[PDB]
Every structure is written in structure tokens, then in C-alpha cells.
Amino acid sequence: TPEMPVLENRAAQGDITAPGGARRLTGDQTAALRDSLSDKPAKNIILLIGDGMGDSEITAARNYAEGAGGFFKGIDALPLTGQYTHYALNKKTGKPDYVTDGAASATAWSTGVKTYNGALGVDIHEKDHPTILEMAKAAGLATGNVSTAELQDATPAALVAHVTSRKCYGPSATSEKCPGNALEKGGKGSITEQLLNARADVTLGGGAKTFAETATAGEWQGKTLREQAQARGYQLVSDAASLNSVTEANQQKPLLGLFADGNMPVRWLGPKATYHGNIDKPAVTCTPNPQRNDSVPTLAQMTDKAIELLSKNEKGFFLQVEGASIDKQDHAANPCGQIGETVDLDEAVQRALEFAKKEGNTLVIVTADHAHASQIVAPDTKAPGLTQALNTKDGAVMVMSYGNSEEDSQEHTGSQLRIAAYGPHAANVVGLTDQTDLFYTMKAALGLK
């Protein structure tokens, strides 16, 4: 029944200076909560991942774009919540590695088995395990993979590739870093080659550059990975106009959208945080990114078309969407770039719920692969790292700190983080769980075996 509620408005109710004015709740949630619980099987699953979107990343984005008492229409409107752990494993010893990377974590929600950082679709012994996209496809469901990063990147790759090192993008690199994976050595092939092999119905993102390499062995040996895609019946799109034109995407006519050479461009602009930037520099106000060409589709646009095409399959669909640069910008210590991307992920989460709400059998999940560096500190702060002051929507200054790395790249962190869901089987994300339970939650919802 379309009787399961999405959080309507969790914004502050009134005057935050007045008693009860900062409240986000209007009444008791006991009933509404009872109405969100359902162990009926999910027909569809949309999994939204914001790379590096820890609770801290979620708070700074809200504080700035919607103000402290604000509310993310998408990101915050999911009724059921919990916290989950995402530690990885040390390759040699098999003990825990408290801070995972994009590859070991992505692998965990995809296969349900922990692995060492850098691995994609294999356990610590180097044995392959089937991904949820692969199991979806086998049962007859439709499949989609959407991201704002190069399709070869860890997060989207973890669903279609089984390599020993995330560096094995296309043919050349594979030969050198994943020899037992290289096609000419009789391996399954590079990440790019295994993606074309996988043949999901809809694949959208960046990474057009690796597609320029020519394979070394196999049927298409000699031909660039791009000619092969063509040669195998893939529809190729490079912009919004083209994307808007596709009316079908199935096994006979799978869709492949390559919107950028490398990663798709970020939405906002802002300088990079600096030492004492909060006390030596004026407050910043993010502005749109000039280089972002009007033709490059947005995550929400892409999520919209994907869901439109995929929902045709009467059996069902599984889709994974990732706002990839929150993390990348968090690594670069660029508050504006980071917040812009969280806002961008929120627009897509809204499209997800919209469909969810009116269909009634879609399970939607929103979370991140791990926590990151960014911190929200006081304005008078004298930090050892990189800081910047922002003018928020509250019309107040907000200071952000990056202080875990003194190298050119800010580092991930291992704190447990938020996981939120809405729909059939959402109860399984409440409480403390582990990134791997997610794999199991999905599989059970769709009734895969």
C-alpha cells in the first residue's frame, strides 16, 4: 500500500529562539513508525551512496544550504535510521583494518564479504564472489549503475568487476597490476572489459577516456573498447540531449552513457581551505561552477532517466546511484565543492523517493561507504590544518576544518555512520549493523537466491 510515509517536514517548527521553536517533531511517531514497517517483498531497489558522506558531511551541507534548523527534502526524509560499521581487512593477517577505502567497502555491500583495501569483487584470498547486480540480472530483473565518477572508479566498478587492484582500469594497467586478471593471460579482463561483459541495462557516468584503449586479446582484439561497445549493441550517449532521446534500454539495447573524459565536473566553486583561513581570510560564498557545460547531465537528471527506462521491466529493477565527488572534494579540502555535491545527491534522492512513494514496492537506501576528514568547528578556531569560513543560509558564519593529513590529500576516517531507508524491509537498517548486512538485506528483499 502507498500508505508507508516518507518524512514530510523535519525542519524546525518555528522561532528557534523561542521554547519549542527548534522542535522538528510535531507529535508522536509511534504510529507513523508502525506504518513504515513491512516485510512484504520489495519489487525494486534503489541504493544511493554519497561517497564519504559521514554525518559530519551531511550536517555541514545542511547548515550551509538550508541553515541549521533546515531539512534535506531527500537526504533527511527517510523514516528509518541506524548506524553501520565499515572496517576493512588486512590482506596478510586477515585482522581488521579500521579505515577502509572506496574498493573494500563497495565490495562489502556488493558481495557480503569483507576484503582488503584496493580489491574489487574478490575476498582476501583473491577469490571472486558474485555481486548483487550480477544476481539481479540472473533472476531476470533489470539493472542500472549510475555515478558522477569515472565508471572505472571503485564504487561503480565493484558491481561489475572482479580484479585484485582498483588500479586496473583498462587493458594496459591490468597487464601490469592484475596480471592474473589480464585478458591475454587468460583473465576475465580489465575493469572496463568486465563492465562491457556484465551488460547491465543502464550504465551512466564518466570515464570515456579508458574506453579509448584497444583490447589485447579476445574477439575484439585490435578494436578500442568504444568500438567494441558499439560492436556489441550498446547505445552510446555523451550529453543530455542524447540521453533524453533514448526510449529503451534492455538486454538487446543496453544504454551506455559516457559524459566526461574523467570524472564529471562539480556543481559549485569555492577556493581551497587554508592554514588559518578562517581567521586571515574573509567568509566565502559558493558560486556555480563556470566549467560545468550546460550539456553534461546532472545526477538527478541521470537518476530520473534511469528509473524511467528501468521501470519498464515488469519483473523489477536494481539501481545504484552515487554522488561521487563529496569524497573527492573532501580529499581536496574544498568546502564549496563538497557541499555542492551533497546538494546534488539530495536532488537525486528526491527523485528516488518520488518514484518510491507512488509505486509502493521499492526499497530506497541512502548512505556512504565510509566517513571522511571534514569537521564543523567554532569560528574563532586556531587549527593546525586547513580551515575556511562560509556564509550559511542562516546568514551566519560556519567554519570547516580538514586536519588529519599534512599531505596534499585529506584522509578518510573510520567512525560508524548513518544508514537510512524507506520501504519494504527497511527495518533491517535500524540499530547497529555492518556494511555487509546491507548485501544481505537487499538480496532478501528482492528474494534472490
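In case it trips you up, residue 1 is the first one in the sequence shown, and so on.
J.: Please compare 336 to 344 with 258 to 266 and say which has the higher mean C-alpha temperature factor in the record.
T.: Looking at the recorded C-alpha B-factors, 258 to 266 comes out higher on average.
J.: Can you tell me which stretch has the higher mean Cα B-factor, 180 to 188 or 167 to 175?
T.: It is 180 to 188 that shows the higher mean C-alpha B-factor.
J.: What's the residue among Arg351, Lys92, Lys73, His162 with the greatest CA temperature factor in the PDB record?
T.: Result of the comparison over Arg351, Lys92, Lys73, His162: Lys92.
J.: According to the deposited entry, which of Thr285, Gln221, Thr81, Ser374 has the largest Cα B-factor?
T.: Of the options given, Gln221 has the highest CA B-factor in the PDB entry.
J.: Going by the recorded CA B-factors, say which third of the chain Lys114 sits in, lowest, middle or highest.
T.: Bottom third by C-alpha B-factor.
J.: Determine, from the deposited record, the chain-internal third of the Cα B-factor for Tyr98: lowest, middle or highest.
T.: It belongs to the lowest third of the chain when residues are ordered by C-alpha B-factor.
J.: Comparing against every modelled residue in the chain, figure out the third that the C-alpha B-factor of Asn428 lands in (lowest, middle or highest).
T.: Middle third by C-alpha B-factor.
J.: Which third of the chain holds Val366 when residues are ordered by C-alpha B factor: lowest, middle or highest?
T.: It belongs to the lowest third of the chain when residues are ordered by C-alpha B-factor.
J.: Lowest, middle or highest third: where is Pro130 by C-alpha B factor in its chain?
T.: Middle third by C-alpha B-factor.
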